[PDB]
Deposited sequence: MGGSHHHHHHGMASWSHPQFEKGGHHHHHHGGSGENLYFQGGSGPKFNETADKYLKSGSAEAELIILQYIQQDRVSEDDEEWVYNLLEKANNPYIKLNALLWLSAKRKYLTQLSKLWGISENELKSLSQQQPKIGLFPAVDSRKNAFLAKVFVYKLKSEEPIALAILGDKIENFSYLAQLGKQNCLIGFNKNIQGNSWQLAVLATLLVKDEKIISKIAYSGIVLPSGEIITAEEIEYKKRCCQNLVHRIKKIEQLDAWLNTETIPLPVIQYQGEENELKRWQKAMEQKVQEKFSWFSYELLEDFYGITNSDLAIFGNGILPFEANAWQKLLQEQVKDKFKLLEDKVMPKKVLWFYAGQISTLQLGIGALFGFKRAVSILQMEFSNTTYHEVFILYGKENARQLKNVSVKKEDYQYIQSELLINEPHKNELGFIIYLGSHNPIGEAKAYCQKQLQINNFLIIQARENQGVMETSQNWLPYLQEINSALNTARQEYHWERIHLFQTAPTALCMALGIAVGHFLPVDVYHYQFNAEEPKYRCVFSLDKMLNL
């Protein structure tokens, strides 16, 4: 049984022999991570393993545990039951596992570079998870699994003017120019949240400054959507001052994740999950 170890030191340059050689010789070691029934967690993790094997046929979950110690639970943002609408539960969920999972897992694989492979379940929480991850992570965001966000600076392109918008249509509506706050309805999911969010802003927040961005071909790359979204945001933040932004958005988990990656914690941003509660605030992410 002492063969592979010697074989290992015969393949270091710094089931199958190719798997061991690429485990000891690659640099961009993948890590598939799911945000989440535990049986369904196992099924989704197996699907993620297959998807990351499509590009890295030498990578395996058991091999990952043997080589780096990262178990499937370490890659799992787990917790039983449906998510309560209370903000304390979401804040504690981010603080417990999601806050330092990336730091710990990158600390485990110290010499090699990292290519994350992220999948998720809940939409409005993907912004918090992406803000935790940040724009500085070489990450493939997947969606059978299909990788839809290839980020391995184009994700943060705001050059696209309102005239040459290929995918989305933006409509910034300002009724109180002296009030520095903005509603940020983003309509890219399934149901139309425009009326409910408008009523909520005009009733429970007294906001009449709202941003409306508005099912999607999963085969293509998903970067121009994020580019035009950020462009609309920063064209709105051009001749006016805003001190609070509130998301009321429906969209694929992948795109919300990438939007949390891009916009991040810089803007004063409180996402209100809809089943309408500030489960987290982006400026309070760090």
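Missing from the model relative to the deposited sequence are positions 1-196, 211-249, 272-273, 381-386, 396-400, 463-468, 530-536, 548-549 (no C-alpha coordinates, numbering from 1).
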